[PDB]
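Trainee: Questions regarding the structure given below will be posed in turn.
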Amino acid sequence: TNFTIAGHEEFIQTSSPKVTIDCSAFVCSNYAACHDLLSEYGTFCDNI
Amino acid sequence: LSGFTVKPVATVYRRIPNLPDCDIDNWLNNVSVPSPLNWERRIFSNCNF
């Protein structure tokens, strides 16, 4: 017999923060002896 | 591309001494010069030189 109008909110996730990782500053930041052993693995950090 | 880092051409060293400072090695430079008659002797224990 009688009516009104109600409201409702909804949130849908669309984006996400983009994260970039570097091997040269994670495992072998500033050590030369570390880079010598890391080069033995070859194309292993280029895939990450 | 590859990164870079500030050149660390400096060093800082700090450490609390375990044993207390001896400061007795100056006994050889006192004002009373000994002689072969008495030739007083002082023993050093728990010291750092």
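Simple scheme: letters A, B, ... for chains in structure tokens order, numbers from 1 for residues in each chain, numbers from 1 for ligands in the order shown.
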Identify, with DSSP run on backbone atoms, the residues in chain B assigned to helix (DSSP H, G or I), and express the list as a PyMOL selection string.
Mentor: chain B and resi 25-29
Trainee: Mind checking which residues fall within 12 Å of stretch 20-31 of chain A, counting only C-alpha atoms, ignoring those fewer than 4 positions away in the same chain, and posting them as a list in words?
Mentor: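 Those residues are residues 35, 36, 37, 38, 39, 43, 44, 45, 46, 47 and 48 of chain A; 1, 2, 3, 4, 5, 6, 7 and 8 of chain B.
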Trainee: Please indicate the distance in Å from atom CA of residue B:28 to atom CA of residue B:45, rounded to one decimal place.
Mentor: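 Interatomic distance, atom CA of residue B:28 to atom CA of residue B:45: 16.4 Å.
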Trainee: Work out how far atom CA of residue B:22 is from atom CA of residue B:49, in Å to one decimal.
Mentor: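 Here the two named atoms are 7.2 Å from each other.
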